[PDB]
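Visitor: test case, fold it:
(7 chains)
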Amino acid sequence: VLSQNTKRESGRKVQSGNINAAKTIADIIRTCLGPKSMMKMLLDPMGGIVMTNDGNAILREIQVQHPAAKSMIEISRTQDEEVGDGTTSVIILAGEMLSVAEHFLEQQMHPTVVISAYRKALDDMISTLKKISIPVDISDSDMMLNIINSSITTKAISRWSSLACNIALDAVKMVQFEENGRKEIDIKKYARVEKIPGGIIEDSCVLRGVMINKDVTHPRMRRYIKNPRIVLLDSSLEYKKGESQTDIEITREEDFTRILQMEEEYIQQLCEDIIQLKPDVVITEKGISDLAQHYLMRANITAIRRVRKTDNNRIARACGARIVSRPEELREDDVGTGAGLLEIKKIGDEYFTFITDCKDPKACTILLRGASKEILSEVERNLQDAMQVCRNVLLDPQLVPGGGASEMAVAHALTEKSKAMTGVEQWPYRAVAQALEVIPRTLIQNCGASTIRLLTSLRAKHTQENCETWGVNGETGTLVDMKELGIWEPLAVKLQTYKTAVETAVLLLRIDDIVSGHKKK
Amino acid sequence: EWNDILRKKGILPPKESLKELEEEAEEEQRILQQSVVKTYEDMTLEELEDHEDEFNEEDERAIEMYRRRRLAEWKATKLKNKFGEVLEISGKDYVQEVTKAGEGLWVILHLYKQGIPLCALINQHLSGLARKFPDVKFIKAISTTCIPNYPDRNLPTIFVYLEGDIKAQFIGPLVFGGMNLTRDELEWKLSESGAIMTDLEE
Amino acid sequence: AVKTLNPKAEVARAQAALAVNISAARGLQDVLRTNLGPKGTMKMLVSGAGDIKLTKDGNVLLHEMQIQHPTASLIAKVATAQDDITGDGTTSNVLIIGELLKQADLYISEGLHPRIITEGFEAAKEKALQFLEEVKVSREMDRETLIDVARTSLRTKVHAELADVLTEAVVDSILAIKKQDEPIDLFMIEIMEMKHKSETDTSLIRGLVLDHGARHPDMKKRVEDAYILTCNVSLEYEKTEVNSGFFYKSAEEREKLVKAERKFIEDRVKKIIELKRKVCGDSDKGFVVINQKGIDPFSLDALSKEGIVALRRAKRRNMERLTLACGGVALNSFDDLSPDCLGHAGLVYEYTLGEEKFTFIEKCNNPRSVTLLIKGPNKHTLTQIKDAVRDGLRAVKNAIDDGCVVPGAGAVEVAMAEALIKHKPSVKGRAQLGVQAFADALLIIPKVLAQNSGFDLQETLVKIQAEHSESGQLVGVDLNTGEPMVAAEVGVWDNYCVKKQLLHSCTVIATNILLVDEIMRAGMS
Amino acid sequence: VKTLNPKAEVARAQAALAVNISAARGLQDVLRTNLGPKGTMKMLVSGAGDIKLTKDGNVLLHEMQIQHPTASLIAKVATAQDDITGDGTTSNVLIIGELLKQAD
Amino acid sequence: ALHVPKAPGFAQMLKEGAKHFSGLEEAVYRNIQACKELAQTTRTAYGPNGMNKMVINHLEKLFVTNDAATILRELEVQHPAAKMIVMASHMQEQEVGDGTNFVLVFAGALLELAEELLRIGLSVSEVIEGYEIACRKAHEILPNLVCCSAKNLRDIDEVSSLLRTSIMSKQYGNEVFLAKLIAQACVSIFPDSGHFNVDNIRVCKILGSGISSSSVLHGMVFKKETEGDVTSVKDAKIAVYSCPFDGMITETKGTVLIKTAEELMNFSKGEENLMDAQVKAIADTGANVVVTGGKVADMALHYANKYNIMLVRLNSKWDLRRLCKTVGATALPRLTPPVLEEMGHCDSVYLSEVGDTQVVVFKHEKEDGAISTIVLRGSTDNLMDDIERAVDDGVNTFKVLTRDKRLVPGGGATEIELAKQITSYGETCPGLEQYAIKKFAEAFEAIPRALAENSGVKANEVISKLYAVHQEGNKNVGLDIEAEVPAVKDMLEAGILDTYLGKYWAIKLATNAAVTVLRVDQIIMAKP
Amino acid sequence: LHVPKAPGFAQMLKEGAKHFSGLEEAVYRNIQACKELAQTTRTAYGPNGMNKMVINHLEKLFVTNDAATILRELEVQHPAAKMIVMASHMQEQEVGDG
Amino acid sequence: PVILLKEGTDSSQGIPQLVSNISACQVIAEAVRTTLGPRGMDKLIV
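Guide: Residues are numbered from 1 along each chain as shown, chains lettered A, B, ... in the order given. Next up is the structure itself:
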């Protein structure tokens, strides 16, 4: 028969559990968006201490028994990887609109017509969003700082935006590059995020160069150079142990001292081959013996070893240099230049190499002076979001007004097209359209001010044109035009949020059977 | 209510018990998590070659002491690497190595008749093992000259001796039968004899 | 809520979150107000093993008490970052944060959603920061300035006579520095830990002191004048890296192979002693060789057959120390040799401390590396003195960095209080309320000092505030009779940038604490 | 004083003060919502599966499973007040707890 | 770096057995959802298309119950709001009796609409007055919807049709047979100036053949066999006795004192002769049966044999009281013969066999009496229980009809009428309370949807048709769930009726339960 | 007969965490413990200084009249005892008698 | 939250139960599927 510990359930209870868990999870992270946001705290299963207010970064930190919540977490990380902001937005949209679907499901409905209503609904509202799409040129720095401040308005570090926002844009350009003249690339892995504890927020900014937490490898080397000569090697200077085994049979009177002489001579010849194209700094990820450094002290090289592989990539990209593997292949074109300034400064109680670029960089490294690793992590996540949106606007010069007004605008548009169409799916259609504006009521709750009157006035104002930009002012719980407030969000972000929430709803509204307790095979 | 009043007075129902087992198990589970960092500096012998990713401070007292113990360990282990070729001694001397073979040194006393892929593959596996463990005395020979008219249906028989005491036995192919038998399984069996400490899946 | 999904989920509501955070912070501030100031209590923190440490330092106080609260964890983290950056008055940080949250509690007790208070605190912080920029006074560093700065900032974590002797020793300490280079860092100065004698014997050494003594009973116990050979060359025996062995037919062949084995150490030793003699060795011209690698007893005896001085296995930073103390150029191979690499030392001797034998090098002409020696009754006192000297040198560095010293002992914060009160009817609204308490925030700093002194709080407080209000100057707190009197005139200051960073961090952590809405233990399902 | 009887709870001055303050805070904050023609309506469940709907303070005090010195004093005083006058007894506890909070 | 402790205050004092919920976003919603699903539990069936729900109690009695009142009596629930709702239904059944599930579904619809509106963002008070205004509007408008009034409660087919409506909510195969039986029983005892009582009707279940072989009996039937050697008497004279039938034993220890032989000699003789004198005096009244409840003496039985006297012994004081009520006899405290005025007279008494079960029967051929019982034949006890509760619903219907004759047609017509008129009224109110009026109106639209679902019929068509008909001008037209296809017809001509009082009490108790639920804001649960 | 402990410092301790505060707890307790320890060995190091013996965990016997060894082998759970024995040890490292 | 009814209930419904009813009855009949009829069989139960 069937095995013992396998429980199998069906009927209404499974969808009941699904919708209840969906609304539950949506009812734990509601109050974190808009200017009025309330800063959450959570503890990792390990025992760490974190605090954040953006969705998936913390929703990754929950273990659950029910499957639907794991599906929710996967949706959250999908949104995190795709857009990096408004993570809570898609979650709450999915939860509220599933809640709307629930009541309708109770009333004799079957999921086939429901999912058909989703497909037609999403098609219609995406088309409407295309209609209301307006492009704006991306060549203005003031625009980009405005959008960064709009995004960070949901974040508590908005205080320093005046400087901080600008910092973001800097990286977005000073890493920007294109392979062979095409396929423009902006690598965040090349935008290494380093944070030095202590210091005010203002002292933190992007440096037109590369930052590494290392120091000098020998006291008697210069600790400052204006223009060093850059070479990168990927082989150790210590004796290489070959591949096979020989076990030399010392038969004659003496070969051991001869062996040591040959060893030091090989080291000498390779080191002098390196010196042949006179450098000023040699950098390598491998360890180095004393003899190579001693030989380099005649050439006064900086002699830095044991660097990180991605750090090698970043430094090479910034300098524009190349990477060698043999001293013998050393040639001219590989040695890049652009090291406008080099320092080894003692910061706090740790050393850091300060190479400052003079020429064009194609990779950035960040100094982050703060008060604690958790706050620095917060600002790092938020600046990552900043460059994310900056590059998103770079790729697509589209904008629509922020503050959630477009939700109600497209809701009214779908209302009119539901009037145009004929069917019974118009009911769930308009219902999920009403689910769309869960955001503004959430914003009002964050404000804690009057709700119904402003909601109704907003609703009346948006059923006609000329008000689509006009939105909800969360600063003081009022209604204003967004042509002047400044909150503006890219088209692709809201596109992805809409698609993600709708597809999650479509996924969660098909199951009929659950079987639990089976074994991996 | 009534049950807990019972509990204060009597023990006729059991329901408050066994809630300490999982408690202690979780306590030990959290406790055993510091063993990874307790011996981080106490296991690797290449950490000196791991400069610039292992150094934060050098107290030069216990750490030079660690070099001293490490070098003593290394010299002790590499002074014993003397083997690696399975050897064919004759039956005339046999009494002199069944007994005079050194105390504290394991002896894998292999007996065989060449010709069957069973014995040939076993000889191959042990010879290859000699390349890995040169601290183990391997012996191979023809059992006929070791034991007179030995039954040829009882080969290859593995013998494990030390100080004339049989510690492990593996008699005939009844425990090695099959060309599918491999390197690691032989090493596993000899480890199970108590001579070697390694790890294997099965 | 999510507790339905996870039966093992601990959930604390927003009000519950605030309540627990406030309880934690109140406990922290109540136990910490016992610490700061030269009158703060000194505690016993003992681990399970019995390791005992007696301290007035807030950070080590944090890290050897039994802590349990995630909010308390964050408090300790930020306070530790502050101690890392400067290490002084760390208790002030956490006391400020706790009492800010307390006043926020007093006001939230009347509704009054706290984000308004956060923004009002930001504005008041900005205004007070400008006020601080105004109020600070600049005087270029000198004997009196630095000695008084050290004598004042030192007692936050250590007692009086030690403070005086430490001030004298540290005045003698930061003089081997460059004129305008700022060469000061912990990498360059060293601290000796030796349980030898009482506290009245601690001093400083411009030269260098090493814990390694003679490897052989023929060495020299004292060298009048020495020429230093720092080397980074392997002198001990080594194996050929291809594992070569000896194959011969005769025992005399074995002898010849032994000679072949030894020839390389022989010619290295030959080169070294030849350079030694060529420079000179005659007529009490001592020679010292400094290696960080092993030495064979063969090499040991070969070099010591003529009574040279040479040792082994010092700290890797000691090679920098010696380059900037003896002056001789370091080396890694004898491919190139010249007497330029020779260092100089004006006096070398030894003194065996118990089981351990010590060497001392001194009489350095231009010492750029100096070391500190401290001898105390036992381990706990020496750890405490080490922490105290570390923080004191931190304070000396902070003072000599800039040329602005702010007055201390309670004047500047009451000044900020009155100035913020003046600015308050300009903050535009109920945020003034918060700003009000925000002023009351700084109110704690001499209050705690008044609390520690045993004087009744409100009377001395209103005395101080009236003294500042009537005048425009900065009046300090008396710690002998409580009578208000300005403090900058007796040599009392505090680090300007330190208080800047302090206020920054305190405000940031205060808003982070106050903005919490949900406390979870998600996981372990 | 855990030596004369090893099993005995001994709390010093601040300990007693703090526990009294915390209990009073909890009680007063709970009872804020139970006065006026627009107070919040409380539902209670006895130790049998029987439900009582109350707005009375003394009922709430003597239906809560609360084991505490100050809470006991509160229950007794409110019982006497309900016996004698029996109206707006909420005011009693509110005044007492608020004065406690002030003097704190 | 450990688990979050408890806050100083409430979190240090809510006992381990004590739990608390505060704030409707986490406290009240639990109650709302609990009651919604509890209603859904019985929402599966009522009326013409109900289905029996076999339930087993913790006492291991198998209750095959489709009566929502009996269901809830069997149900054991531990949610306090569920206790509120179930007691509300209990008092409702006490006042009216039939269709207790209607109150359940109405309260569930009201509570789900309440959850919806309060999730929108409303406050408690304004919407409370909204429901209350809608309720009083119903209070006044429902009497306007009273269509007819029952007349004279006497014609047998009249009362049969009147009660077959409430019976039809029960067993559906054929109610008209049970209608005939219940009408025959009830009309026979029609009070003139007194008050009709349910104790005036008795019940006699008998395991046996199909229910069709059952009838009614004007009188009483009991599970006893007479000690009398005679069995059948017609126009017997009944001497009811309340005293123990032995020689009356004095309340104090009475001791025989014998001195001489003759005292022993005459003792038994005089004793039996005195006993014979008493029984002869009793016989002189002309009695043909003797009824007593106390302990009986054999000498009396032998004497009765000597006079050919029927003897019957009962065992319940209820039996004696009801017998005196139906025959007019009296509870005699002494064995002395009564007078003709205080005795009961019966047309015929038998020990009649009823299917291999023997019972003492008191039958009046005039069939007037004062109490009538029903003979029941069924293959199982649970069938007896179900039919018995159906007859309970019918008799409660009749008894409330005697107290109030105004009629309302059941089914679905009145529900849509009330909903439509409440909506139209809500079109005419200003302020923040019209939404509550509309929600109150749409609360009892579940009744049409419930009928549509439990009849296995799509509900959008039927609700649209109902609203179209109600807007057309037809006001007595409701659902039709016998054709098993969306269609409507007027309940008035369908015989499906009801009384204004039942519906009135139902709605008023439903809204009282709702307002009690909604006002409550804090929850403190004690230990199970 | 129900009373909890004060929230705050008494509630942020570990389960095994113990504490003594003020003149009451910390001061009287350590003073009495130190007096106990001093009185234990207060009958030796004299012309008549009476030697005292002890057995260790290592099951080795020791008959000593100089407090050094007997205290160094003895173990305590009182931190002030650690302080006084470390003071004696420092004396020993200085001279090593009395 | 808190559960509606007391613990220890069971709730299976639908066609599952209906089928699960009929089958049970069947069992009993096949236990006695040979007795009546002038052939006649006999059981034994202890």
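Visitor: would you map the helices across the stretch 201-350 of chain E?
Guide: Here the stretch 201-350 of chain E has its helices, by DSSP state H, counting those that start in this stretch, at E:261-283, E:298-307, E:317-327.
Visitor: what's the neighbour count on residue E:298?
Guide: Residues lying near residue E:298 (other C-beta atoms under 10 Å in any protein chain shown) number 9. All C-beta atoms are positioned from the backbone trio N, CA, C, and that covers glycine.
Visitor: ok, now the one 5 residues further on?
Guide: When neighbours are counted by other C-beta under 10 Å, residue E:303 registers 19.
Visitor: mind checking how far it is from chain C?
Guide: Using C-beta to the nearest C-beta, to the nearest Å, we find residue E:303 at a distance of 79 Å from chain C.
Visitor: over to residue A:341?
Guide: For residue A:341, the distance to chain C (C-beta to the nearest C-beta) stands at 18 Å.
Visitor: same question, residue A:27
Guide: According to C-beta to the nearest C-beta, residue A:27 and chain C sit 7 Å apart.
Visitor: ok, what's across the strand from residue E:348?
Guide: residue E:234, residue E:363 (DSSP bridges).
Visitor: how far away is residue E:353 from residue E:359?
Guide: 8 Å (C-beta to C-beta, to the nearest Å).
Visitor: neighbour count for these two, which is higher?
Guide: When residue E:353 and residue E:359 are compared for neighbours, residue E:359 comes out ahead with 19 against 9, by other C-beta under 10 Å.
Visitor: can you tell me the residue of the stretch 1-150 of chain C closest to chain B?
Guide: Across the stretch 1-150 of chain C, the shortest distance to chain B (C-beta to the nearest C-beta) belongs to residue C:8, at 11.4 Å.
Visitor: which residues touch residue C:56?
Guide: C:35, C:40, C:41, C:42, C:156, C:157, C:158, C:159, C:384 (C-beta atoms under 8 Å, 6 or more residues apart in numbering or on different chains).
Visitor: next, give phi and psi for the third one.
Guide: Right, residue C:41. Note on residue C:41: backbone dihedrals following degrees, to the nearest 10 are phi -70, psi 160.
Visitor: shouldn't it be in contact with residue C:35?
Guide: Yes: Residue C:41 is within contact range of residue C:35, at 6.7 Å (criterion: C-beta atoms under 8 Å).
Visitor: pretty sure the residue of the stretch 1-150 of chain C closest to chain B contacts residue C:520?
Guide: No: contact status for residue C:8 versus residue C:520: not in contact, 11.6 Å apart, counting by C-beta under 8 Å.
Visitor: of the two, which one has the most company?
Guide: Higher neighbour count among residue C:8 and residue C:520: residue C:520, with 24 against 12, using other C-beta under 10 Å.
Visitor: so how far is residue A:11 from residue A:508?
Guide: Applying C-beta to C-beta to residue A:508 and residue A:11 gives a distance of 17 Å.
Visitor: tell me which of the two has more neighbours.
Guide: Set side by side, residue A:508 and residue A:11 show more neighbours around residue A:508, with 21 against 14, by other C-beta under 10 Å.
Visitor: ok, and the closest non-adjacent residue to the more buried one?
Guide: Leaving aside its sequence neighbours, residue A:508 sits nearest to residue A:18 (C-beta to C-beta, 6 or more residues apart in numbering or on different chains; 5.6 Å).
Visitor: show me the contacts for that neighbour.
Guide: Residue A:18 is in contact with A:68, A:508, A:511, counting by C-beta under 8 Å, 6+ apart.
Visitor: could the residues you listed go into CSV alongside secondary structure?
Guide: Below are the contacts of residue A:18 laid out as CSV (DSSP: H, G, I helix; E, B strand; the rest coil):
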residue, secondary structure
A:68, helix
A:508, helix
A:511, coil
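Visitor: let me know the closest of those to chain C.
Guide: The closest of those to chain C turns out to be residue A:68 (C-beta to the nearest C-beta; 9.2 Å).
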